[PDB]
$ cat work_33.pdb   # PDB, C-alpha atoms and all ligand atoms
MODEL        1
ATOM      1  CA  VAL A   1     -27.565  -3.997 -15.689
ATOM      2  CA  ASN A   2     -24.917  -6.711 -15.321
ATOM      3  CA  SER A   3     -24.760 -10.487 -15.740
ATOM      4  CA  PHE A   4     -24.532 -11.500 -12.064
ATOM      5  CA  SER A   5     -27.407 -13.909 -11.381
ATOM      6  CA  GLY A   6     -29.088 -15.278  -8.275
ATOM      7  CA  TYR A   7     -27.743 -12.778  -5.727
ATOM      8  CA  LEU A   8     -29.619 -11.585  -2.670
ATOM      9  CA  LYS A   9     -29.518  -7.789  -2.364
ATOM     10  CA  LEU A  10     -28.321  -6.813   1.113
ATOM     11  CA  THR A  11     -28.060  -3.066   0.496
ATOM     12  CA  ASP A  12     -28.046  -0.499  -2.288
ATOM     13  CA  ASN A  13     -24.625  -1.762  -3.446
ATOM     14  CA  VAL A  14     -23.867  -5.132  -1.760
ATOM     15  CA  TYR A  15     -25.123  -8.486  -3.085
ATOM     16  CA  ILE A  16     -24.456 -12.025  -1.807
ATOM     17  CA  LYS A  17     -24.700 -15.590  -3.123
ATOM     18  CA  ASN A  18     -23.840 -19.103  -1.953
ATOM     19  CA  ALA A  19     -21.320 -19.872  -4.673
ATOM     20  CA  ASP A  20     -17.825 -21.096  -5.507
ATOM     21  CA  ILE A  21     -15.969 -17.936  -6.544
ATOM     22  CA  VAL A  22     -13.912 -19.981  -9.015
ATOM     23  CA  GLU A  23     -17.014 -21.244 -10.810
ATOM     24  CA  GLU A  24     -18.699 -17.837 -10.542
ATOM     25  CA  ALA A  25     -15.707 -16.101 -12.132
ATOM     26  CA  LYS A  26     -15.527 -18.597 -15.003
ATOM     27  CA  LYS A  27     -19.220 -18.003 -15.767
ATOM     28  CA  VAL A  28     -19.406 -14.208 -15.495
ATOM     29  CA  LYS A  29     -15.870 -13.217 -16.576
ATOM     30  CA  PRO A  30     -16.172 -10.067 -14.444
ATOM     31  CA  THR A  31     -14.046  -7.006 -14.976
ATOM     32  CA  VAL A  32     -12.572  -7.549 -11.490
ATOM     33  CA  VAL A  33     -12.306 -10.655  -9.316
ATOM     34  CA  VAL A  34     -10.892 -10.099  -5.831
ATOM     35  CA  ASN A  35      -8.336 -12.532  -4.433
ATOM     36  CA  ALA A  36      -7.873 -13.166  -0.706
ATOM     37  CA  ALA A  37      -4.126 -12.560  -0.982
ATOM     38  CA  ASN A  38      -1.222 -12.476   1.447
ATOM     39  CA  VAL A  39       1.609  -9.940   1.302
ATOM     40  CA  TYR A  40       3.906 -12.348  -0.577
ATOM     41  CA  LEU A  41       1.221 -13.288  -3.128
ATOM     42  CA  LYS A  42       1.850 -16.954  -2.250
ATOM     43  CA  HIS A  43      -1.421 -18.506  -3.391
ATOM     44  CA  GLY A  44      -1.237 -21.785  -1.520
ATOM     45  CA  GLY A  45      -4.683 -22.406  -0.063
ATOM     46  CA  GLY A  46      -8.092 -21.000   0.693
ATOM     47  CA  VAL A  47      -9.627 -18.753  -1.940
ATOM     48  CA  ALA A  48      -6.190 -17.820  -3.307
ATOM     49  CA  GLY A  49      -5.047 -21.412  -3.772
ATOM     50  CA  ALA A  50      -8.315 -22.216  -5.545
ATOM     51  CA  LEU A  51      -8.181 -19.227  -7.912
ATOM     52  CA  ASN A  52      -4.536 -19.888  -8.724
ATOM     53  CA  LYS A  53      -5.248 -23.570  -9.441
ATOM     54  CA  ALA A  54      -7.977 -22.501 -11.875
ATOM     55  CA  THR A  55      -5.357 -20.430 -13.788
ATOM     56  CA  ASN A  56      -3.065 -23.470 -14.099
ATOM     57  CA  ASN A  57      -0.527 -21.632 -11.853
ATOM     58  CA  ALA A  58      -0.276 -18.624 -14.217
ATOM     59  CA  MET A  59      -1.471 -16.382 -11.373
ATOM     60  CA  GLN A  60       1.428 -17.587  -9.198
ATOM     61  CA  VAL A  61       4.009 -17.099 -11.977
ATOM     62  CA  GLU A  62       2.809 -13.529 -12.555
ATOM     63  CA  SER A  63       2.699 -12.887  -8.806
ATOM     64  CA  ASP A  64       6.268 -14.089  -8.252
ATOM     65  CA  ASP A  65       7.492 -11.603 -10.855
ATOM     66  CA  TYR A  66       5.452  -8.839  -9.191
ATOM     67  CA  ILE A  67       7.033  -9.544  -5.785
ATOM     68  CA  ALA A  68      10.544  -9.820  -7.225
ATOM     69  CA  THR A  69      10.110  -6.321  -8.670
ATOM     70  CA  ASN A  70       8.065  -4.565  -5.979
ATOM     71  CA  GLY A  71       8.462  -6.462  -2.714
ATOM     72  CA  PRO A  72       5.593  -7.551  -0.481
ATOM     73  CA  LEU A  73       2.258  -5.811  -0.188
ATOM     74  CA  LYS A  74       1.088  -4.163   3.030
ATOM     75  CA  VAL A  75      -1.558  -5.789   5.204
ATOM     76  CA  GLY A  76      -4.634  -3.809   4.186
ATOM     77  CA  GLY A  77      -3.157  -3.123   0.749
ATOM     78  CA  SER A  78      -3.709  -4.424  -2.753
ATOM     79  CA  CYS A  79      -2.390  -4.652  -6.279
ATOM     80  CA  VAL A  80      -4.075  -5.105  -9.661
ATOM     81  CA  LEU A  81      -2.784  -7.992 -11.778
ATOM     82  CA  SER A  82      -4.190 -10.032 -14.639
ATOM     83  CA  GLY A  83      -7.406 -11.960 -14.196
ATOM     84  CA  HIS A  84      -6.069 -14.669 -16.540
ATOM     85  CA  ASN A  85      -8.914 -16.968 -17.688
ATOM     86  CA  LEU A  86     -11.188 -15.860 -14.819
ATOM     87  CA  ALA A  87     -11.684 -12.087 -15.193
ATOM     88  CA  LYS A  88     -10.150  -9.098 -16.920
ATOM     89  CA  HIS A  89      -8.268  -8.134 -13.744
ATOM     90  CA  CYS A  90      -7.574  -9.665 -10.362
ATOM     91  CA  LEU A  91      -7.480  -7.275  -7.411
ATOM     92  CA  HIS A  92      -5.247  -9.015  -4.862
ATOM     93  CA  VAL A  93      -6.327  -7.658  -1.455
ATOM     94  CA  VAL A  94      -4.599  -8.481   1.832
ATOM     95  CA  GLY A  95      -6.954  -8.687   4.771
ATOM     96  CA  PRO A  96      -5.444  -9.295   8.206
ATOM     97  CA  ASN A  97      -4.804 -12.949   9.047
ATOM     98  CA  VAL A  98      -5.908 -13.499  12.646
ATOM     99  CA  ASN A  99      -3.909 -16.733  12.746
ATOM    100  CA  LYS A 100      -0.816 -14.512  12.313
ATOM    101  CA  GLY A 101      -1.876 -12.045  15.024
ATOM    102  CA  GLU A 102      -2.654  -9.193  12.623
ATOM    103  CA  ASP A 103      -4.817  -6.240  13.629
ATOM    104  CA  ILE A 104      -8.472  -6.728  12.688
ATOM    105  CA  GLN A 105      -8.939  -2.951  12.329
ATOM    106  CA  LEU A 106      -6.955  -3.309   9.080
ATOM    107  CA  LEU A 107      -9.988  -5.088   7.615
ATOM    108  CA  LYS A 108     -11.610  -1.720   6.888
ATOM    109  CA  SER A 109      -8.466  -0.543   5.077
ATOM    110  CA  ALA A 110      -8.519  -3.771   3.049
ATOM    111  CA  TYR A 111     -12.118  -3.222   1.930
ATOM    112  CA  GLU A 112     -11.366   0.413   0.994
ATOM    113  CA  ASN A 113      -9.409  -0.968  -1.981
ATOM    114  CA  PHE A 114     -12.717  -2.121  -3.487
ATOM    115  CA  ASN A 115     -13.837   1.524  -3.881
ATOM    116  CA  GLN A 116     -11.333   1.983  -6.721
ATOM    117  CA  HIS A 117     -13.447  -0.356  -8.906
ATOM    118  CA  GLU A 118     -17.032   0.237  -9.993
ATOM    119  CA  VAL A 119     -18.065  -3.461  -9.882
ATOM    120  CA  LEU A 120     -16.326  -6.467  -8.303
ATOM    121  CA  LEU A 121     -16.798 -10.160  -7.590
ATOM    122  CA  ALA A 122     -15.284 -10.924  -4.202
ATOM    123  CA  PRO A 123     -15.003 -13.191  -1.160
ATOM    124  CA  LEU A 124     -15.403 -11.963   2.395
ATOM    125  CA  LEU A 125     -12.020 -10.583   3.419
ATOM    126  CA  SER A 126     -10.218 -12.260   6.324
ATOM    127  CA  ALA A 127     -12.756 -15.125   6.385
ATOM    128  CA  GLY A 128     -11.993 -18.812   5.942
ATOM    129  CA  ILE A 129      -8.384 -19.684   6.740
ATOM    130  CA  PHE A 130      -7.643 -16.037   7.631
ATOM    131  CA  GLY A 131      -9.589 -16.660  10.845
ATOM    132  CA  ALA A 132     -11.763 -13.559  11.228
ATOM    133  CA  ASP A 133     -15.448 -13.609  12.135
ATOM    134  CA  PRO A 134     -17.304 -13.635   8.784
ATOM    135  CA  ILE A 135     -20.323 -11.827  10.242
ATOM    136  CA  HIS A 136     -17.881  -9.071  11.152
ATOM    137  CA  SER A 137     -16.302  -9.147   7.695
ATOM    138  CA  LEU A 138     -19.704  -8.728   6.026
ATOM    139  CA  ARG A 139     -20.535  -5.830   8.356
ATOM    140  CA  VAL A 140     -17.265  -4.059   7.528
ATOM    141  CA  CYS A 141     -17.841  -4.680   3.818
ATOM    142  CA  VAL A 142     -21.315  -3.128   3.897
ATOM    143  CA  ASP A 143     -20.099  -0.156   5.961
ATOM    144  CA  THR A 144     -16.967   0.484   3.830
ATOM    145  CA  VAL A 145     -17.531  -0.478   0.190
ATOM    146  CA  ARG A 146     -19.573   2.038  -1.807
ATOM    147  CA  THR A 147     -19.077   0.483  -5.244
ATOM    148  CA  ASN A 148     -21.080  -2.519  -6.447
ATOM    149  CA  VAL A 149     -19.820  -5.723  -4.833
ATOM    150  CA  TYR A 150     -21.035  -9.270  -5.512
ATOM    151  CA  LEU A 151     -19.956 -11.534  -2.653
ATOM    152  CA  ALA A 152     -19.500 -15.272  -3.167
ATOM    153  CA  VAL A 153     -19.729 -17.384   0.003
ATOM    154  CA  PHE A 154     -18.538 -20.959  -0.521
ATOM    155  CA  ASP A 155     -20.107 -22.554   2.565
ATOM    156  CA  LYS A 156     -23.895 -22.893   2.386
ATOM    157  CA  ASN A 157     -24.210 -23.152   6.168
ATOM    158  CA  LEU A 158     -22.214 -19.936   6.619
ATOM    159  CA  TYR A 159     -24.183 -18.186   3.873
ATOM    160  CA  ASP A 160     -27.466 -18.923   5.652
ATOM    161  CA  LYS A 161     -26.049 -17.545   8.908
ATOM    162  CA  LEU A 162     -24.854 -14.343   7.211
ATOM    163  CA  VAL A 163     -28.237 -13.642   5.611
ATOM    164  CA  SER A 164     -30.332 -14.557   8.649
ATOM    165  CA  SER A 165     -28.217 -12.443  11.013
ATOM    166  CA  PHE A 166     -27.798  -9.477   8.667
ATOM    167  CA  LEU A 167     -28.942  -6.209  10.202
TER     168      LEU A 167
HETATM  169  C1  LIG B   1     -16.290 -19.752   2.875
HETATM  170  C2  LIG B   1     -15.838 -18.391   2.333
HETATM  171  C3  LIG B   1     -16.282 -17.313   3.337
HETATM  172  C4  LIG B   1     -14.310 -18.306   1.985
HETATM  173  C5  LIG B   1     -13.443 -18.667   3.212
HETATM  174  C6  LIG B   1     -12.657 -19.938   2.889
HETATM  175  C7  LIG B   1     -12.938 -20.271   1.433
HETATM  176  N1  LIG B   1     -13.949 -19.318   0.937
HETATM  177  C8  LIG B   1     -14.326 -19.273  -0.405
HETATM  178  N2  LIG B   1     -15.271 -18.323  -0.752
HETATM  179  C9  LIG B   1     -15.665 -18.257  -2.057
HETATM  180  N3  LIG B   1     -15.249 -19.003  -3.085
HETATM  181  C10 LIG B   1     -14.309 -19.947  -2.737
HETATM  182  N4  LIG B   1     -13.742 -20.822  -3.624
HETATM  183  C11 LIG B   1     -12.827 -21.617  -2.934
HETATM  184  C12 LIG B   1     -12.854 -21.222  -1.600
HETATM  185  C13 LIG B   1     -13.800 -20.138  -1.428
HETATM  186 CL    CL B   2      -9.386 -18.231   2.383
ENDMDL
END
$ encode --input "work_33.pdb" --output "structure tokens" --more "lines below"
Ligand SMILES: CC(C)[C@H]1CCCN1c1ncnc2[nH]ccc12
Ligand SMILES: [Cl-]
Amino acid sequence: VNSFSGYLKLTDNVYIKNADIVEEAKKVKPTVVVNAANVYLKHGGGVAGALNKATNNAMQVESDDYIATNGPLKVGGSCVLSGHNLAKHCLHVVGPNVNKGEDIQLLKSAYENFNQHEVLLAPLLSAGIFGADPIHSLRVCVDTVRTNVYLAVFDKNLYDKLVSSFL
């Protein structure tokens, strides 16, 4: 039993809710919140810009030190950093950005990072300003993640389409 509330159960391990991931994280304080990161951990917009804003830029400060030490992530890769005031940890995961011409097959690799964590709060990878088809992202999530994932979808109209079209 966990404190996530109001989720629709899509499968044995995948749950979904129309919710602002920022507000969800502040309420639940999950062990792991997933960020929709880029390889430079430059949290300027989309989910990443919103999460970073909620940390008063502490996420960005920590991220800049991480990049200065380690260099950029790989597309499809991840790193674990602090969750600041939002969660114990933040798993920064880089899905392919279609508006950069990145290979959509890497979306499965991106979701594989979730399997290293028993329970996560997360957005749909490569959705929003990353330009992938969210119905596809949900399909890959369900077919790749085996741990317990609670998906927050910001857009109510998109949420209704994902549920109604879910096979
Ligand atoms: C609409 C969703 C599929 C993705 C794509 C863009 C933004 N988005 C978000 N999802 C969850 N929580 C969020 N908080 C702020 C933005 C945001
Ligand atoms: Cl985004």
$ closest_residue --input "work_33.pdb" --among "A:95, A:72, A:49, A:83" --to "ligand LIG 1 (chain B)" --atoms "all atoms listed in the file"
A:49
$ closest_atom_pairs --input "work_33.pdb" --of "chain A" --to "ligand CL 2 (chain B)" --cutoff "7 Å" --atoms "only C-alpha atoms and all ligand atoms" --output "JSON lines"
{"residue": "A:36", "atom": "CA", "partner": "B:CL2", "partner_atom": "CL", "distance": 6.1}
{"residue": "A:45", "atom": "CA", "partner": "B:CL2", "partner_atom": "CL", "distance": 6.7}
{"residue": "A:46", "atom": "CA", "partner": "B:CL2", "partner_atom": "CL", "distance": 3.5}
{"residue": "A:47", "atom": "CA", "partner": "B:CL2", "partner_atom": "CL", "distance": 4.4}
{"residue": "A:48", "atom": "CA", "partner": "B:CL2", "partner_atom": "CL", "distance": 6.5}
{"residue": "A:127", "atom": "CA", "partner": "B:CL2", "partner_atom": "CL", "distance": 6.1}
{"residue": "A:128", "atom": "CA", "partner": "B:CL2", "partner_atom": "CL", "distance": 4.4}
{"residue": "A:129", "atom": "CA", "partner": "B:CL2", "partner_atom": "CL", "distance": 4.7}
{"residue": "A:130", "atom": "CA", "partner": "B:CL2", "partner_atom": "CL", "distance": 5.9}
$ resolve_selection --input "work_33.pdb" --expression "the PyMOL selection byres (((not hetatm)) within 9 of (chain B and resi 1))" --output "PyMOL selection string"
chain A and resi 18-24+36+45-51+122-131+134+151-156+158-159
$ atom_distance --input "work_33.pdb" --atom1 "atom CA of residue 167 of chain A" --atom2 "atom CA of residue 98 of chain A"
24.3 Å
$ residues_around --input "work_33.pdb" --residues "segment 60-65 of chain A" --least-positions-apart "3" --cutoff "9 Å" --atoms "only C-alpha atoms" --output "list in words"
residues 40, 41, 42, 43, 52, 53, 55, 56, 57, 68, 69, 70, 81 and 82 of chain A
$ closest_residue --input "work_33.pdb" --among "A:112, A:143, A:103, A:133" --to "residue 75 of chain A" --atoms "only C-alpha atoms"
A:103
$ atom_distance --input "work_33.pdb" --atom1 "atom CA of residue 28 of chain A" --atom2 "atom CA of residue 138 of chain A"
22.2 Å
